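Protein sequences, first through last, are from chains A and B. All residue numbers for the first sequence refer to the working numbering, where the first residue is 1 and numbers rise by one. All residue numbers for the second sequence refer to the working numbering, where the first residue is 158 and numbers rise by one. Just so it is clear, CB atoms sit at the ideal spot from N, CA and C, and this is done for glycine as well. Beneath this line is the structure, given in structure tokens, with notes to follow.
2 protein chains.
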Amino acid sequence: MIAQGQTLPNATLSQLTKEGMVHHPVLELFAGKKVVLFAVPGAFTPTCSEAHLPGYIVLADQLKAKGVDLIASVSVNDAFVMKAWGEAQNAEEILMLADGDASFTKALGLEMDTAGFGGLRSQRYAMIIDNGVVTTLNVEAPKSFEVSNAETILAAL
Amino acid sequence: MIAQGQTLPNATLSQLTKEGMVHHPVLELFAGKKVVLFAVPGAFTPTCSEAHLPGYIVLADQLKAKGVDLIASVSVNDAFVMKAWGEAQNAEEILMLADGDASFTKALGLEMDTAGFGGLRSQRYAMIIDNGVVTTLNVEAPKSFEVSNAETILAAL
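In structure tokens, the structure reads:
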């Protein structure tokens, strides 16, 4: 998988705007910013709340107070589903990003096969990204109960 | 791995009673009964969407209504910890069983390595055991969001 100190893959993530589909080069979107990015295996799927959208929603103020410019949620889902999920969660403060063909996730080496559930999806992870460089990367290790969360990211700041 | 239709290996499970530590072959405990057995990776381990013991506690009367004689919970833990865990969850109904050296779990082929967390533990699974025969076996598959919860067992009944 990607290492700390490496620049993110020079790839895109998509978002639905009033302009239609926008494909953000992540290295442009995250340039000049301290960014918190977290991934889930799917929009609307269950994850310990502290480790995905609800956790980052309630910690958003504290994260921004410690210098985070942008908090973003990514998943192997399309941009319509990601928009709907943000709306359902009232994810005001969080940028919803779509990796619909799993290309960004595979470039990170953080894909996983869910077989009949949903095909290839993302592992759960969270990053602090400084000007496009991965500074902190925490990846779920479910068999050993490595129970990292938004607080883990807050403390890394 | 043990399979549906097979009879349990007569491996030992332990308990703490007024005699202190005691142990019995599992068929001494389960013969002549319809038993629901729920296994976890560890006592006091958290759940978010996975099956959990309080789910069996809430459905205990409905399980018994459908012919279950005994609801039991097993883990690779010792009997003092299993007793404490049962008390913490107000699980006086449920029989708390200890597989302290993982011999029962290994006999079933349902072990998993948790490495630095807790060494060798059990996968999360549930069984319906009719006079020693595993008539239903549901093993969790977290990557596909398949859970071995009490409702799954209730539907199998």
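Item checked: Distance between beta carbons of A:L37 and A:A102, contact taken as under 8 Å -> Position 102 of the first sequence holds residue 102 of chain A. Position 37 of the first sequence holds residue 37 of chain A. Actually they do not touch by this definition, with Cβ atoms about 16 Å apart.
Next item on the list: With a threshold of 16 other CB atoms inside 10 Å of the CB of B:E207, please say whether the residue is buried or exposed.
Entry: Taking the first residue of the second sequence as position 1, residue 207 of chain B is located at position 50. Under this definition B:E207 is a buried residue.
Check: Where do the N-terminal and C-terminal ends of the alpha helix (DSSP H) with A:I153 fall, by residue?
Finding: Within the first sequence, numbered from 1, the residue matching residue 153 of chain A stands at position 153. Residues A150 to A156.
Note to self: Check for me: the beta strand (DSSP E) holding B:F302 runs from which residue to which?
What the structure shows: For the purposes of this step, residue 302 of chain B is taken as residue 145 along the second sequence, with counting starting at 1. For B:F302, no beta strand (DSSP E) segment is defined, and its DSSP state is neither H nor E.
Note to self: Quick check: is the beta carbon of B:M158 nearer than 8 Å to any beta carbon in chain A?
What the structure shows: By 1-based counting over the second sequence, the position of residue 158 of chain B is 1. For B:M158, the answer is no, since every Cβ of chain A falls outside 8 Å of its Cβ.
Notebook entry, point to check: Going by beta carbon distance, what residues of the same chain come within less than 7 Å of A:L16, once the five residues before and after it are set aside?
Noted result: Position 16 of the first sequence, counted from the first residue, corresponds to residue 16 of chain A. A79, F80 and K83, listed in sequence order.
Margin query: Let me make sure I understand the geometry here. Which of B:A245, B:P299 and B:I286 has the alpha-carbon closest to that of B:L186?
Written below: Start at 1 with the first residue of the second sequence, and residue 186 of chain B comes out as number 29. The shortest Cα separation from B:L186 among B:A245, B:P299 and B:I286 belongs to B:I286.
Note to self: Give me, in chain order, the residues of the same chain whose beta-carbon lies closer than 8 Å to that of A:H24; leave out the 5 immediate sequence neighbours on both sides.
What the structure shows: Locating residue 24 of chain A in the first sequence gives position 24, counting from the first residue. Excluding sequence neighbours, A:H24 sits near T12, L13, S14, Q15 and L97.
Next item on the list: Please confirm if A:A39 has its CB atom under 8 Å from at least one CB of chain B.
Entry: Counting from 1 along the first sequence, the entry for residue 39 of chain A is found at position 39. No, its Cβ sits nowhere closer than 8 Å to a Cβ of chain B.
Note to self: Could you check whether A:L137 and A:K66 sit closer than 8 Å to each other, using their CB atoms as the reference points?
What the structure shows: Along the first sequence, read from residue 1 onward, the residue named residue 66 of chain A stands at position 66. Along the first sequence, read from residue 1 onward, the residue named residue 137 of chain A stands at position 137. Going by C-beta atoms, A:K66 is not nearer than 8 Å to A:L137.
Note to self: Looking at the strands, I want to know which residues DSSP matches up with A:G20.
What the structure shows: In the first sequence, residue 20 of chain A corresponds to position 20, counting from 1. DSSP lists A:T17 as partners of A:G20.
Next item on the list: Taking A:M1 and A:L108 to be in contact with their CB atoms under 8 Å, please state how far apart those CB atoms are, rounded to whole angstroms.
Entry: Locating residue 1 of chain A in the first sequence gives position 1, where the first residue counts as 1. Locating residue 108 of chain A in the first sequence gives position 108, where the first residue counts as 1. Confirmed, about 6 Å.
Checklist line | Classification of A:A3 by the beta-carbon crowding that lies within 10 angstroms, buried from 16 upward | finding: Along the first sequence, one-based indexing puts residue 3 of chain A at 3. That one is exposed.
Next item on the list: Closer than 9 Å, Cβ to Cβ, to anything on chain B: give me those residues from the segment 103 to 130 of chain A, in chain order.
Entry: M112, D113, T114, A115, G116, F117, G118 and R121
Notebook entry, point to check: A:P54 touches chain B at which residues, Cβ-Cβ below 7 Å?
Noted result: As a first step, residue 54 of chain A is located in the first sequence; it is residue number 54 there, counting from the start. Near A:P54 there are no residues of chain B at all, since even the closest Cβ is about 11 Å away, more than 7 Å.
Notebook entry, point to check: Looking at A:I57 and A:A72, is the spacing between their C-beta atoms short of 8 Å?
Noted result: Reading the first sequence from its first residue, position 72 is the one you call residue 72 of chain A. Reading the first sequence from its first residue, position 57 is the one you call residue 57 of chain A. No, Cβ-Cβ distance for A:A72 and A:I57 is not below 8 Å.
Notebook entry, point to check: Should B:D226 and B:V197 be called a contact, given that it needs their Cβ atoms to be closer than 8 Å?
Noted result: Position 69 of the second sequence, counted from the first residue, corresponds to residue 226 of chain B. Position 40 of the second sequence, counted from the first residue, corresponds to residue 197 of chain B. In this structure, B:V197 does not lie closer than 8 Å to B:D226 by Cβ.
Notebook entry, point to check: Can you round the beta-carbon distance between B:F302 and A:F117 to whole angstroms, since I take them to be within the 8 Å contact cut?
Noted result: By one-based count along the second sequence, residue 302 of chain B stands at place 145. By one-based count along the first sequence, residue 117 of chain A stands at place 117. Between A:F117 and B:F302 the Cβ distance is about 6 Å, and since that is below 8 Å, they are a contact.
Next item on the list: Below 8 Å on the Cβ atoms is my guess for A:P46 versus B:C205; work out the distance and round it to an integer in Å.
Entry: Taking the first sequence and counting its residues from 1, the one referred to as residue 46 of chain A is at position 46. Taking the second sequence and counting its residues from 1, the one referred to as residue 205 of chain B is at position 48. That pair is a contact at about 6 Å.
Item checked: Span of the alpha helix (DSSP H) around B:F187 -> Here residue 187 of chain B is taken as the residue at index 30 of the second sequence, counted from 1. Looking at the DSSP string, the run of the alpha helix (DSSP H) that includes B:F187 is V183 to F187.
Next item on the list: Over the uninterrupted alpha helix (DSSP H) stretch that includes B:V238, give me the two end residues.
Entry: Taking the first residue of the second sequence as 1, we reach residue 238 of chain B at position 81. Its alpha helix (DSSP H) spans residues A236 to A245.
Item checked: Partner residues on chain A for B:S301, Cβ-Cβ distance less than 7 Å -> For this step, residue 301 of chain B is matched to residue 144 along the second sequence. Neighbours of B:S301 on chain A, chain order: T114, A115, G116 and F117.
Next item on the list: Name the residue from B:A312, B:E297 and B:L311 whose alpha carbon lies nearest to the alpha carbon of B:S305.
Entry: Residue 305 of chain B sits at position 148 when you count from the first residue of the second sequence. The option with the nearest alpha carbon to B:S305 is B:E297.
Checklist line | According to DSSP, residues forming a beta bridge with B:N295 | finding: Stepping through the second sequence from its first residue, residue 295 of chain B is reached at position 138. In the DSSP output, where bridge partners are listed per residue, B:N295 has B:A283.
Notebook entry, point to check: Which residue's Cα is closest to the Cα of A:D99: A:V26, A:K18 and A:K143?
Noted result: Locating residue 99 of chain A in the first sequence gives position 99, where the first residue counts as 1. Closest by alpha carbon: A:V26.
Next item on the list: Verify the CB distance criterion: does B:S206 have a CB-CB separation below 8 Å to chain A?
Entry: Numbered from its first residue, the second sequence carries residue 206 of chain B at position 49. Yes - at least one Cβ of chain A is within 8 Å of the one on B:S206.
Margin query: Suppose the cutoff is 7 Å on Cβ atoms and the five residues either side in sequence are ignored; what does the same chain contact list for B:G289 look like?
Written below: Position 132 of the second sequence holds residue 289 of chain B. Here the set comprises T164, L165, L184, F187 and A188.
Next item on the list: Let me know the secondary structure DSSP gives A:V58 once reduced to three states.
Entry: Indexing the first sequence from 1 puts residue 58 of chain A at position 58. Of the three classes helix, strand and coil, the one that applies to A:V58 here is helix, per DSSP.
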